[PDB]
Amino acid sequence: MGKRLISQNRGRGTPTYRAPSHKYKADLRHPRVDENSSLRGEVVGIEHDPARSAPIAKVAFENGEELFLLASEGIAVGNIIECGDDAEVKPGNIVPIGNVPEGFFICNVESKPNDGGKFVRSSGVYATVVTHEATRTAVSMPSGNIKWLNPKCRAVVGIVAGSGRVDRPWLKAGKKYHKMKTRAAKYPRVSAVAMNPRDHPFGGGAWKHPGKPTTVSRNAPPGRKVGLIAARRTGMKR
Amino acid sequence: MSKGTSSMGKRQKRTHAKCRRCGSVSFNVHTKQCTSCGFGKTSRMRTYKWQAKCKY
RNA sequence: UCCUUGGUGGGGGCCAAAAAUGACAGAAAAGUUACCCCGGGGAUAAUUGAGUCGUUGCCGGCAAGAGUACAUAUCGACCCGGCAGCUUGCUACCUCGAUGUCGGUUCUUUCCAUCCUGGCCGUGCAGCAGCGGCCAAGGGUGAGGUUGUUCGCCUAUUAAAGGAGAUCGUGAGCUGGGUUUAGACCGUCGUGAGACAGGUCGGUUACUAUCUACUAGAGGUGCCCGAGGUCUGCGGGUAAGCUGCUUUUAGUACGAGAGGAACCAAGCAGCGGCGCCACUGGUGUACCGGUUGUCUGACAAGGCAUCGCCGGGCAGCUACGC
RNA sequence: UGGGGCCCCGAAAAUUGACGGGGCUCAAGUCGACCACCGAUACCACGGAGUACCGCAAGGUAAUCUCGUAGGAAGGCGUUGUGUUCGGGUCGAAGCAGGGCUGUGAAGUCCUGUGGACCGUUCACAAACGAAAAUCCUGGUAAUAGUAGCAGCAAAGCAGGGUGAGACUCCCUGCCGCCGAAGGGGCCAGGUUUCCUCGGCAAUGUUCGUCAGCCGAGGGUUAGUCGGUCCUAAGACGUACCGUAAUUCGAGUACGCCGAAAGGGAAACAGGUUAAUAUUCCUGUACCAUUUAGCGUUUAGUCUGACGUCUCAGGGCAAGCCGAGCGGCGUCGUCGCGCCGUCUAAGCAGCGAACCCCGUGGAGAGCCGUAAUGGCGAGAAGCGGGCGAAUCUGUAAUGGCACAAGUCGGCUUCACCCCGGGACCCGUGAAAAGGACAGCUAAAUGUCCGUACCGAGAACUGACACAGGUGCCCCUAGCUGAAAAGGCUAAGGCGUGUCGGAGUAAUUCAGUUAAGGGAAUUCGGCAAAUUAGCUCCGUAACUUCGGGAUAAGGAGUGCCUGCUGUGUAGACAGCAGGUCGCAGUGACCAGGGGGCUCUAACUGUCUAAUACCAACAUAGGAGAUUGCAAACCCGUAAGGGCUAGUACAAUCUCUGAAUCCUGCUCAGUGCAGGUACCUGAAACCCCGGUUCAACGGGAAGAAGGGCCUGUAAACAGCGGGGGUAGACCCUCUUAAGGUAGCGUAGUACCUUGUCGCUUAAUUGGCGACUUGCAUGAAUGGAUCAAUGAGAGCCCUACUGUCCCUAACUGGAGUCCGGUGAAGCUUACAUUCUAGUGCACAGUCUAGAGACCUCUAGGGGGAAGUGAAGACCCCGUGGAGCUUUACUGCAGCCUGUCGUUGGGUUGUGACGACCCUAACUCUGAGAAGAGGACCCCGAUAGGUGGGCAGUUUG
RNA sequence: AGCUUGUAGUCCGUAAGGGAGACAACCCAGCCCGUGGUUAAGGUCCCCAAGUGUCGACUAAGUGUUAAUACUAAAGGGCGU
RNA sequence: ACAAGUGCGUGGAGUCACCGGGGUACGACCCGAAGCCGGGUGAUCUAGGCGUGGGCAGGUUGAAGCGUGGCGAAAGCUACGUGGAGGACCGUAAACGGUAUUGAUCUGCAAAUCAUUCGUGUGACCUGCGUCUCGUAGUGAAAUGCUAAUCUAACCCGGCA
RNA sequence: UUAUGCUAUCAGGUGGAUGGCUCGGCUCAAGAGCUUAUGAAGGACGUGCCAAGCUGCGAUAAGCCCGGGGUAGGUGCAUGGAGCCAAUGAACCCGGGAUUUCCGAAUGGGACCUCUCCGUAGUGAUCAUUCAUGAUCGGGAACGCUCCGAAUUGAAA
Ligand SMILES: [Mg+2]
Ligand SMILES: [Mg+2]
Ligand SMILES: [Mg+2]
Ligand SMILES: [Mg+2]
Ligand SMILES: [Mg+2]
Ligand SMILES: [Mg+2]
Ligand SMILES: [Mg+2]
Ligand SMILES: [Mg+2]
Ligand SMILES: [Mg+2]
Ligand SMILES: [Mg+2]
Ligand SMILES: [Mg+2]
Ligand SMILES: [Mg+2]
Ligand SMILES: [Mg+2]
Ligand SMILES: [Mg+2]
Ligand SMILES: [Mg+2]
Ligand SMILES: [Mg+2]
Ligand SMILES: [Mg+2]
Ligand SMILES: [Mg+2]
Ligand SMILES: [Mg+2]
Ligand SMILES: [Mg+2]
Ligand SMILES: [Mg+2]
Ligand SMILES: [Mg+2]
Ligand SMILES: [Mg+2]
Ligand SMILES: [Mg+2]
Ligand SMILES: [Mg+2]
Ligand SMILES: [Mg+2]
Ligand SMILES: [Mg+2]
Ligand SMILES: [Zn+2]
């Protein structure tokens, strides 16, 4: 049994591949609101979230539930946050996308109603509300897909704070090492051609090469699906 | 530095303590189980058929 | 013929024919390992050794002829017959419970098929200088650039700067440059693992000497009036020297000229040998002096820091000296 | 002239040597004959043994029997015990050492000596039944050998006096020394009595020993205040649920509980005392907590606990240093210096620097500040007030000091404490217990555990009194000096990095110096040598503009006399004159430098124990999957990692900074998509068959394949032949014929390619050419400043690397006293030559030498010792790895059945549509979103080195 | 080729004793023990028991003093004899 | 199976024991490997992740920022002071690593240590303690390295004679 | 008077074979066959006048009490000094009781801590029930039943 890949070790859940969950400030999600209910709240401070390398806003609501929130760009201290359908379409507000005008930017979008926010959460990403229909609504996601979402799926208006984070080159292996200390990722990573044949499909040989096509099928078993997984195409744009 | 006598002076700590149930120094201090009698893992005493030979 | 009996469908069987195993007295069957492991083999290879000698080195016979003429001063076709075992082969006799595998270095020895030194002969030898051959193994046969090299080339000297053997002398002497481990790169092969009698970088040299041999130093007995002294010489060993340069012979012999020797004699030098310390040089931790930092209260006298460091040096030893 | 015999030349080999050696000449050689003798276990004879067959037996025959490996057959000897017969033994059994006799022999019996209780035999029968050997196993013991070691990293001892039977070795004194930023001091883990007193030396101690971490005996650890305890962290464990064939097995959830002797934390200090305990016991002076009682209240939600890295200001203080006085010691040849001390805790009371806040204030042709950043009408300076530190002062004031002084000033102060500022982060740097805000007084209570000692060149760990490691983990005084470097000294610990004498070779480990030459040595400047601190002048190519750079190349440096400048001050910087030496960073300390290439960008990582590399990683570049109930992965399942995440993300790959770039090929293999047609299993449906089915067909057709398309920064590939003066028509074109570049390369066989520089000379280095056996673009190409214990070459400087070795120093060795192993070994052995022999002999054969024993020497030989060869082969032996080997198994894809319901159309049960009601997901739930789909059980087909077993004669 | 592969006989393997200097398999010889005798192979100058044996010649080279043989040099030449 | 030829068999000798030889399967005369599989053990060593602590003598260089001053009409250019950045530099017998001597030693102090010479030494740093990840599995800046002197599949017992 | 030595014997040392003995072991047969929350087995620590190990016992600690047997000595393996016990019948054996620290199924919470924390004095978990009370938990040489389940090897692969 040639040795299991790094993905199989990660899936097993060993301490090398586990996230340092105690380092993070708090799970980010929209506040729980009953149907046809609303709550107000004010920002008490902009903190730093190690899980995302972006700011998060500490919001104190009207029922006294101090809840960490994902910070859209421009949110400040002493700003009022509103939730519900009756909430005004304003930056930093949590509203359904069915009330948002088409062409606006939203983030922390919910896959389902009362979801807590799944899509559009990285530092600086945003979504565009494309079309409104009775049962649906189209949102142009940061990837580019025109995802169709429920009209009641909440989202905070504005782009996510911390835009431009990847503009700085890393410039040094220590800087990326210090980022990866607070991450779950393994750093540094050895190339598979440098491995022995027991460790990787691509390892071994008198000279560094895979010896087999790097585009692997989608029907490959675990421990074989490496390289270019199920590629539609390869190479730079000719 | 070597793997022989050089790194064998780091043996200033323990991995097995004297188990309560049997008085043998086999109680692992990390898994909380005696590897001789199985105290801390089971109520019964661990005994296997491979601890002796097949009786034929 | 089919499981109590009879039937129906469907199976099982006897005899014969066909379908194939070509590895053909009949497995349904691809590689790689230098990351390798294990059991054995000198039943079988790299390795040294032995046998053989196609090949290699060295020769001989007959002389076809070239040499103005003239086989045999010199070269020696074709064909034939050898020696050596110093190149590569062939073989598988010894060794796989290991005979440490190339080259160099150190040291000793051996063969002559002699490069120089010694003695001769022939010449198409005037002299000088060659050319070929015979005797001869006492001595000499070096220093350097590339390359891991052997070999070979190249350099300047040199009388000449021969070859070969000793387990391709010599790793319980050394070195580790190459080849022959594990890592990695380049190129070429392979779908791949990986491979290359291709290249490149890196890569562990274990041992307290029992016996024998040699080198030196002693104790005994043997011989013998007891002891001492001085000698002899059965024997053993040697290279105890070997070889050049210059002057004289002599600008003579020879030669038309240029050019140009030998006998005898002398001095010096190269290497080797043996011995020595007046002189010169080295050391000289005896000794003397200067001086840094610090300690013993200051001066003085001392300790330590490689003899603290530096300068000088007697005796002794030693060569770079004699 | 022919045919013959012998001999000669032809005829050269490596340790001295072989007719077997001596030697031999009308022979001791060769040829033709001859005589006599020697000489076997053969032959003859005699006596004997065994065997074969025959004979009833005596016995008869054997020229026609007598060798023998693998092996067959027969008959016997021996050990132990059973049945049975007959026995022996304290008037001495077995066993053991030697010897006589018998027997072919196995063996038996007997005798001598020792011994102190059992032992045989007839006839039969059984077996844990016979050793010379397995690198056999266990034990005992040699030779080596009184040898190596008791040396290298810290070379340490001497005199006097003791004790003692006994002294280099133990004790005292003095002298001389080692460490002195560790070898001293404190303690974690660990040890577990090693601690302390007494008595011994059989073993331990690398010697001895009266000594001892040893041996024997006894004694030693005292806590409200130091820790644990308490708190929670990473993370464990328990119960329940759920899963599992099942559990002691398993993820998650809920509730708990543990998790730190270096995190958080309620409080104690000074002196004394013992042989060993001490913030614990005693003296003095305190403080903290809980509960009970009296006197009244909440402010109750905050603050603190509670936070990273770098840098720095201000304040304090231990330690340190200087001056005056006072008290002892040292020195005292002359001088009047040198050393020690001159002490004072917590607790209690008081002041409070920065920062912050409050009341005033009114600042701009700008003002106030800091080391620095800065601050200001959104209100600066200034003036007041509040909150507020370390320390300091007063008391504690009597403790200890020989009851000897005991009183004062100043400087500095880390690395310790307080406080504040700034900068950085694609790092954001813990939580909880506890504590403060309503407490004051009184009394009582404050259990349990640890406490000795070492904490390491002798108390731990590595088999050890181990040159390692754990620990250099935290502290460490004077001078020099930047310094905690190195050197010299305190304190403190030691002369135990536990063998001594002796001074006489060679050789050896580590050092000092070496004339003249200066890499001629060598694979190669390996090693050694040079230089070296600080200030000043000056500093090239190239470059990514950061660097290179300490480039390179130079000058000065001590001591004394007298001064200057900055600073508040410590101290720092500078100048003039004089003067000594061979030498002024005088010792210690401390870069040699430069040029041209290859390679990798760099810092980093790596085969612990032969590879510190050019390999790995890296930032940078590019590609791929995935919209989250995702992609990818773990699990049998329950359920999970990524994930307290969400495309500026995670996962999977290739390449490897920057600069200039990255061309052609989709034929093969792979991947993705499209699927009109072909093929395509089972279930269902139809026909035949079956008194029912099995079975044979047909219809339809999923995934997958064929097929078509895209994809090379996917795996990969990118060519010959003829001519034309070699720039063209064509080739060879089963896709394409290698573009930019680079090129004898780290790739180049030919090969030491050819030319130039380098050298007297270069299989070398660099540059150029390049017909490239077999270069080439993210299988990345070229190139690169800086960096490199990387790989080559060259120049200068240096030198014992060398010519060519010498002398000297310390430790070994040699000799002596003590202690004291191990490894080779069938036997013998004083060898040398040649031959023979499995073709490499000290033992054979023939010669030659050799009196024996001992010491030192280095290693010729013993195919020296270490060791069932790791190279090659063989084994119907393995393992790992690979794949379009064989056969399978997980995973994944898809049809059918079940889960699984209701209504509608289009068809003859099939496909789609709609619904909620099962089901799924989310939330605590109201409810929201999907929804008869997905998941799941089974079955059918495909893909499938992801994984397994095998084969590859 | 002391090579490799056959065939006939005989050997070693499994073969003593005697002799070739030693010699697995070359000659005598196949061998129960002791004694005596005579021979086999081969030898008789000494080493070593028995011939300084006999007859007729050759060799002048220390040739030779070597049956078989893995242990022993040819072609060619000699007015050597 | 028709035929004729032949195969096998047929005119009564086996069975059961004791003492033996041999074949076959079982450990099968005795010893001898690498291995293959089941269940358990191990992260005191070493590799990696995480929690909480401790450390880095003494110097050097002098990034951004800030002050003042020059040069210009402006745009802008520029000197000094201050500043304290960097996977920066030198450097210790602090710590970590382990280059060369192919030195010492190689029946050692040591089953890899010692001397001199070396690389890093403010960070991808070193390290104490705690905790976690493991056998076809873990870890690995990737050597088939490490996972208790054991690694191309550990160790213990069992299958196993 | 020849050392170092060689061979054979003898005496002695070192040594522990042979012989002899043996309270042990092995094998076979015949009986008997469960125990534990009324707290086991197993372990830690303590326990003796001088007592270190083993054995026995558990703060009543090589022991205590009662009924039966035995009767003159006893004080374990292990006949030492000094004492003690016993004719009020011990020691010893059989039967019935008492005591029976901590852990351990271990069970009030907790274990790197065989001890520790709370004491409101302990029925931990899963269960049956009338909610009075009761069951299961661990051990036992092998055997028995149920379920899961290899490979070496043989076929000369
Ligand atoms: Mg693979
Ligand atoms: Mg069994
Ligand atoms: Mg490899
Ligand atoms: Mg030798
Ligand atoms: Mg036989
Ligand atoms: Mg024996
Ligand atoms: Mg000595
Ligand atoms: Mg000192
Ligand atoms: Mg002693
Ligand atoms: Mg705790
Ligand atoms: Mg590098
Ligand atoms: Mg790389
Ligand atoms: Mg391309
Ligand atoms: Mg050179
Ligand atoms: Mg072998
Ligand atoms: Mg075979
Ligand atoms: Mg396989
Ligand atoms: Mg098998
Ligand atoms: Mg014959
Ligand atoms: Mg025969
Ligand atoms: Mg014979
Ligand atoms: Mg018929
Ligand atoms: Mg500056
Ligand atoms: Mg450094
Ligand atoms: Mg190991
Ligand atoms: Mg086994
Ligand atoms: Mg088989
Ligand atoms: Zn236990």
# chains A, B, ... in the order shown; residues from 1 in each chain; ligands from 1
>>> residues_near_ligand(ligand="ligand 10", cutoff="10 Å", atoms="only C-alpha atoms (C1' of nucleotides) and all ligand atoms", output="ChimeraX atom specification")
/D:229-232,258-260
>>> interface_residues(of="chain A", to="chain C", cutoff="12 Å", atoms="only C-alpha atoms (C1' of nucleotides)", output="MDAnalysis selection string")
chainID A and resid 194 196:198 201:213
>>> closest_residue(among="D:253, D:734, D:539, D:204", to="ligand 9", atoms="only C-alpha atoms (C1' of nucleotides) and all ligand atoms")
D:204
>>> select_by_dssp(residues="segment 146-196 of chain A", states="alpha helix (DSSP H)", output="PyMOL selection string")
chain A and resi 173-181
>>> interface_residues(of="chain D", to="chain A", cutoff="6 Å", atoms="only C-alpha atoms (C1' of nucleotides)", output="PyMOL selection string")
chain D and resi 426-427+618-619+623-625+633-634+641+644+646-648+652-653+670-672+711+713-715+891-892+946
>>> write_last_selection(atoms="C-alpha atoms (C1' of nucleotides)", output="PDB file, in the first residue's frame")
ATOM      1  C1'   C D 426      -2.229  39.214   4.542  1.00  0.00           C
ATOM      2  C1'   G D 427       1.181  37.215  12.353  1.00  0.00           C
ATOM      3  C1'   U D 618      10.880  29.358  -0.757  1.00  0.00           C
ATOM      4  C1'   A D 619       8.599  34.037  -2.612  1.00  0.00           C
ATOM      5  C1'   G D 623      -3.008  25.607 -14.681  1.00  0.00           C
ATOM      6  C1'   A D 624      -7.206  22.686 -12.698  1.00  0.00           C
ATOM      7  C1'   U D 625     -11.906  21.425  -9.441  1.00  0.00           C
ATOM      8  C1'   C D 633     -10.588  13.550   1.695  1.00  0.00           C
ATOM      9  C1'   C D 634     -11.563  10.049   6.404  1.00  0.00           C
ATOM     10  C1'   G D 641     -11.242  16.915   8.419  1.00  0.00           C
ATOM     11  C1'   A D 644     -15.489  29.422  14.265  1.00  0.00           C
ATOM     12  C1'   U D 646     -16.909  30.837   1.487  1.00  0.00           C
ATOM     13  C1'   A D 647     -13.733  32.295  -5.123  1.00  0.00           C
ATOM     14  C1'   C D 648      -9.023  38.496  -2.697  1.00  0.00           C
ATOM     15  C1'   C D 652      -4.996  19.448  -6.366  1.00  0.00           C
ATOM     16  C1'   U D 653      -0.616  19.926  -9.642  1.00  0.00           C
ATOM     17  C1'   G D 670      -4.988  11.291 -20.906  1.00  0.00           C
ATOM     18  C1'   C D 671      -8.871  14.793 -19.726  1.00  0.00           C
ATOM     19  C1'   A D 672     -13.564  17.519 -20.843  1.00  0.00           C
ATOM     20  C1'   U D 711      -7.574  20.917 -24.838  1.00  0.00           C
ATOM     21  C1'   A D 713       2.277  26.247 -18.518  1.00  0.00           C
ATOM     22  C1'   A D 714      -1.816  17.925 -19.928  1.00  0.00           C
ATOM     23  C1'   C D 715       1.839  13.122 -20.609  1.00  0.00           C
ATOM     24  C1'   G D 891     -13.935   4.046  -4.422  1.00  0.00           C
ATOM     25  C1'   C D 892     -16.806   6.460  -8.282  1.00  0.00           C
ATOM     26  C1'   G D 946      -6.342   3.611  -5.414  1.00  0.00           C
TER      27        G D 946
END
>>> closest_residue(among="F:124, F:132, F:95, F:74", to="residue 49 of chain F", atoms="only C-alpha atoms (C1' of nucleotides)")
F:132
>>> residues_near_ligand(ligand="ligand 19", cutoff="12 Å", atoms="only C-alpha atoms (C1' of nucleotides) and all ligand atoms", output="list in words")
residues 9, 10, 11, 12, 25, 26, 27 and 68 of chain E
>>> write_last_selection(atoms="C-alpha atoms (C1' of nucleotides)", output="PDB file, in the first residue's frame")
ATOM      1  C1'   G E   9      38.866 -51.259 -22.628  1.00  0.00           C
ATOM      2  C1'   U E  10      40.970 -50.534 -17.860  1.00  0.00           C
ATOM      3  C1'   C E  11      41.603 -47.634 -13.749  1.00  0.00           C
ATOM      4  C1'   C E  12      40.780 -43.612  -9.560  1.00  0.00           C
ATOM      5  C1'   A E  25      44.029 -42.968 -11.564  1.00  0.00           C
ATOM      6  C1'   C E  26      52.091 -44.620 -14.849  1.00  0.00           C
ATOM      7  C1'   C E  27      54.685 -50.209 -14.038  1.00  0.00           C
ATOM      8  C1'   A E  68      53.887 -43.296 -20.299  1.00  0.00           C
TER       9        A E  68
END
>>> residues_around(residues="residue 352 of chain D", least_positions_apart="3", cutoff="12 Å", atoms="only C-alpha atoms (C1' of nucleotides)", output="ChimeraX atom specification")
/D:315,387-392
>>> write_last_selection(atoms="N, CA and C atoms (P, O5', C5', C4', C3', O3' and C1' of nucleotides)", output="PDB file, in the first residue's frame")
ATOM      1  P     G D 315      15.930  60.912  35.360  1.00  0.00           P
ATOM      2  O5'   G D 315      15.061  60.086  36.398  1.00  0.00           O
ATOM      3  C5'   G D 315      14.115  60.750  37.217  1.00  0.00           C
ATOM      4  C4'   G D 315      13.399  59.797  38.135  1.00  0.00           C
ATOM      5  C3'   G D 315      14.272  58.851  38.935  1.00  0.00           C
ATOM      6  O3'   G D 315      14.902  59.469  40.041  1.00  0.00           O
ATOM      7  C1'   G D 315      12.467  57.655  38.033  1.00  0.00           C
ATOM      8  P     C D 387      -7.035  62.631  45.602  1.00  0.00           P
ATOM      9  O5'   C D 387      -6.966  61.571  44.420  1.00  0.00           O
ATOM     10  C5'   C D 387      -8.099  60.786  44.086  1.00  0.00           C
ATOM     11  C4'   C D 387      -7.840  59.931  42.872  1.00  0.00           C
ATOM     12  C3'   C D 387      -6.594  59.064  42.921  1.00  0.00           C
ATOM     13  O3'   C D 387      -6.788  57.867  43.649  1.00  0.00           O
ATOM     14  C1'   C D 387      -6.706  60.167  40.837  1.00  0.00           C
ATOM     15  P     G D 388      -5.609  57.297  44.571  1.00  0.00           P
ATOM     16  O5'   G D 388      -4.359  57.248  43.587  1.00  0.00           O
ATOM     17  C5'   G D 388      -4.279  56.283  42.549  1.00  0.00           C
ATOM     18  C4'   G D 388      -3.038  56.476  41.718  1.00  0.00           C
ATOM     19  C3'   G D 388      -1.726  56.334  42.460  1.00  0.00           C
ATOM     20  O3'   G D 388      -1.359  54.979  42.658  1.00  0.00           O
ATOM     21  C1'   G D 388      -1.656  58.256  41.091  1.00  0.00           C
ATOM     22  P     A D 389      -0.898  54.426  44.098  1.00  0.00           P
ATOM     23  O5'   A D 389       0.534  53.812  43.804  1.00  0.00           O
ATOM     24  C5'   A D 389       1.560  54.632  43.279  1.00  0.00           C
ATOM     25  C4'   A D 389       2.518  53.842  42.427  1.00  0.00           C
ATOM     26  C3'   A D 389       3.774  53.334  43.118  1.00  0.00           C
ATOM     27  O3'   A D 389       3.527  52.125  43.819  1.00  0.00           O
ATOM     28  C1'   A D 389       4.341  54.351  41.055  1.00  0.00           C
ATOM     29  P     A D 390       4.601  51.513  44.842  1.00  0.00           P
ATOM     30  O5'   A D 390       5.495  50.570  43.926  1.00  0.00           O
ATOM     31  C5'   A D 390       6.753  50.094  44.376  1.00  0.00           C
ATOM     32  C4'   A D 390       7.812  50.267  43.316  1.00  0.00           C
ATOM     33  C3'   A D 390       9.229  50.506  43.812  1.00  0.00           C
ATOM     34  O3'   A D 390       9.896  49.312  44.179  1.00  0.00           O
ATOM     35  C1'   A D 390       8.711  52.071  42.124  1.00  0.00           C
ATOM     36  P     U D 391      10.065  48.918  45.726  1.00  0.00           P
ATOM     37  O5'   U D 391      10.812  50.172  46.370  1.00  0.00           O
ATOM     38  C5'   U D 391      12.230  50.243  46.433  1.00  0.00           C
ATOM     39  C4'   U D 391      12.720  51.634  46.127  1.00  0.00           C
ATOM     40  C3'   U D 391      13.133  52.485  47.319  1.00  0.00           C
ATOM     41  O3'   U D 391      14.473  52.251  47.714  1.00  0.00           O
ATOM     42  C1'   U D 391      11.692  53.732  45.905  1.00  0.00           C
ATOM     43  P     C D 392      14.914  52.374  49.253  1.00  0.00           P
ATOM     44  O5'   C D 392      14.591  53.884  49.639  1.00  0.00           O
ATOM     45  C5'   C D 392      15.359  54.963  49.124  1.00  0.00           C
ATOM     46  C4'   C D 392      14.844  56.300  49.604  1.00  0.00           C
ATOM     47  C3'   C D 392      14.682  56.449  51.108  1.00  0.00           C
ATOM     48  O3'   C D 392      15.904  56.779  51.747  1.00  0.00           O
ATOM     49  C1'   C D 392      12.728  57.226  50.026  1.00  0.00           C
TER      50        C D 392
END
>>> residues_near_ligand(ligand="ligand 11", cutoff="9 Å", atoms="only C-alpha atoms (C1' of nucleotides) and all ligand atoms", output="list in words")
residues 600, 601, 602, 604, 614, 787, 788 and 790 of chain D
>>> interface_residues(of="chain D", to="chain B", cutoff="8 Å", atoms="only C-alpha atoms (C1' of nucleotides)", output="PyMOL selection string")
chain D and resi 189-190+236-237+248+460-462+468-470+608-609
>>> residues_near_ligand(ligand="ligand 15", cutoff="9 Å", atoms="only C-alpha atoms (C1' of nucleotides) and all ligand atoms", output="list in words")
residues 39, 40, 41, 96 and 97 of chain C; 868 and 869 of chain D
>>> residues_around(residues="segment 98-102 of chain D", least_positions_apart="5", cutoff="12 Å", atoms="only C-alpha atoms (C1' of nucleotides)", output="ChimeraX atom specification")
/D:107-113 /G:8-10
